[PDB]
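Only one chain comes next, encoded as structure tokens, the form solved without this ligand.
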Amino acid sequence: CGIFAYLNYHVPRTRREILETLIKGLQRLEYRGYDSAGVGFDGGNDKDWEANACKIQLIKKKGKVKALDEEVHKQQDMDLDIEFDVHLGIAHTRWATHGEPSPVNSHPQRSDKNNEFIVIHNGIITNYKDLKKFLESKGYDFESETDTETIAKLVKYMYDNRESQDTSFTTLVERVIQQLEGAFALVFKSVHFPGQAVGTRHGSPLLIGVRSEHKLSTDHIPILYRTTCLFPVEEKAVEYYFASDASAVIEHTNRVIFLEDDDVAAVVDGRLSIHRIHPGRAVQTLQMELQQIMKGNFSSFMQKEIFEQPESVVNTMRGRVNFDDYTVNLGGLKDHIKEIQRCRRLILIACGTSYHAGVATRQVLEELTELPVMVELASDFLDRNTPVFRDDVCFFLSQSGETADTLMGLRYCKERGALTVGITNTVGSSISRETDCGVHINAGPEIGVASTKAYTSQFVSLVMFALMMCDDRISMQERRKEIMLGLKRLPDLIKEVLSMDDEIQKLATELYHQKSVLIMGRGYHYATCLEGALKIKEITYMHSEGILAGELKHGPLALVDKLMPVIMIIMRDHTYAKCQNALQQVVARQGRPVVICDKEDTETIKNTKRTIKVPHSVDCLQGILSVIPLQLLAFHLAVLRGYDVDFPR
């Protein structure tokens, strides 16, 4: 699930320091969930590091990384004070798929009892059955029920059947991946190629970080097919960081290379080259900081990411909104904003909360672009073979940028010649690369299990795009100004909503024992219902459902009685009167609902017992304020019930 490897080339490091780096690397990957982890490093206790490069030691264990950290330092036959001028250590966290969690089934997987080759793997090898039969017929005995082991045994098969005594480590791996089917991110290590690393991916992220106090030969690595590689110029010293997630690299360096499918990256004599069976891979700078993946003073990542939303919203608008002259500029669309305006339809495709962001901005997109806006769930979009045309603009909302159904929707539309735009939050992700253009919502990494700041950052990003699509219309200047003053005031308004956290805990204690809750709303807050009810489902495990208010009299209103908890959303927009009508329909049937409304709606505050009173904003922005109380309610309910809000489940 998580991969991290640390190669120090002519940068002296003691075995203690190497192990602490690997463990610290896995600590940055734990948030993805896992059941076991392991490390691989050169063994032996010969004081000269050059003689220990033929003994690979492994320490794998089922449990948390801490237990692994304890097992590392709990080795009597291991001297931690040996200094290695050159060394490659690899680490891995496992999410079991093939084989039950156990030390044997943990990574790194070895090629034999002498550990001539070891490999860490993220993904699944579909044809591991056949590959295992073939290697067993050639005389290789397996010890684990993991598909990963077939990789270790196979690379040794190529090595044992090499035509020349000096075939490259790269050539060996090329022959392995050419026999593999499915998805995989791999890092290899071998006693026969000491100090060298080989990384390759297909359908799984893999990146390489680099650091050196010396100048590097290039910032754009060219691809080599079967002056050209990356290395420090005047000296040898250099450090490489293979990782499946930037979060494990950023504290050491912000210079990274994102590998692409079928890339085979190799480090030989401290020089990094990328082979493939003038295109090149860029060495780019990440704007990510270690502080963005730490809880800080908060007790959970969920709490942090909700309460930091005044900051994340500001990070989303930075360099993109100019309140001094009411102009909007998404740099990611400069070379495509012209074509997009000559198109005839917008299609927003996403899963889960990302899809709700589409619903939350569909109206304002229709208002300002005057174009048809169709919001689709990616899985259903694929089932129906939806008609798509060359003059369609297709947005793909995805925080991770790797969600399969959304990604497959992306590739579907590209085949039909539509113009594709990625709204992502993960640099280097598949959806950010394969779209024609895109916007990075720059909300910072989302470490929590549920989407909190990503939903509101997507909300803001799509509103900003809408503002770009009508920057030439005289009749809409006023409307644009109204909206951008609302964005100017939004962060302060979000703080105001968070300052009512106390009022929300009271509501949580009132719903502590409840099993169902109906969340009602219409117009700009239809999405607020759905997203609220999804959060309370995902985090609290109670049956929260979002009900479009205009639909009550067509059936759903039958659930209302004096026992069914109800939360209604009644804001000061054009649907105010209609929402009041829905409230009367509920109360008329013995419903006693909790209402989320504007601070100054004196009428409903008096006639309704419990009301959450949020500040008034622009109609097409209220959704951001009205959803936060529901984020907090889901958070507090889970806490009251003893759940771990940072646990996937």
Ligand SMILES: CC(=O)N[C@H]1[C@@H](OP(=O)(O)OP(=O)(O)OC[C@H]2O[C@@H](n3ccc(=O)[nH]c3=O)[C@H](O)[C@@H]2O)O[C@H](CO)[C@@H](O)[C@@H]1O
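Start at 1 with the first residue shown and count on from there.
Counting the deposited residues that fall between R226 and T227 and carry no coordinates gives a value of 10 or more. In terms of unmodelled positions of the deposited sequence, the stretch from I277 to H278 in this entry skips 10 or more residues. Look at the C-alpha B-factors of 159-167 and of 511-519. On average they run higher in 159-167. Per the PDB record, of the two stretches 619-627 and 36-44, 36-44 carries the greater mean B-factor over its C-alpha atoms. Within the group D501, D561, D380, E116, the record's highest C-alpha temperature factor is found at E116.
When the Cα B-factors of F258, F389, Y355, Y128 are read from the PDB record, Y128 comes out highest. Among all modelled residues in this chain, the alpha-carbon of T540 has a temperature factor (C-alpha) in the lowest third. The PDB entry assigns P101 a C-alpha temperature factor belonging to the highest third of its chain's modelled residues.
In this PDB entry, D492 carries a Cα temperature factor that places it within the middle third of its chain's modelled residues. Ranked by C-alpha B-factor against the other modelled residues of its chain, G448 falls in the lowest third. When the modelled residues of the chain are ordered by their C-alpha B factor, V594 lands in the lowest third.
The form solved in complex with this ligand is left out here; the points below concern that form.
For the candidate set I423, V264, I570, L206, a heavy atom within 4.5 Å of this ligand in the entry with it bound is found for exactly one residue, namely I423. Of the residues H87, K156, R320, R522, just one reaches this ligand in the entry with it bound with a heavy atom at 4.5 Å or closer; this is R320. Using a 4.5 Å cutoff between non-hydrogen atoms, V283 does not count as a contact of this ligand in the entry with it bound. When this ligand is considered in the entry with it bound, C437 lines it closely, a heavy atom lying within 4.5 Å. In the entry with it bound, no heavy atom of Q196 sits within 4.5 Å of this ligand. Proximity of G546 to this ligand in the entry with it bound falls outside the 4.5 Å heavy atom cutoff.
The candidate stretches are 208-216, 306-314, 160-168, 438-446, and the one lying within 4.5 Å of this ligand in the entry with it bound by heavy atoms is 438-446.
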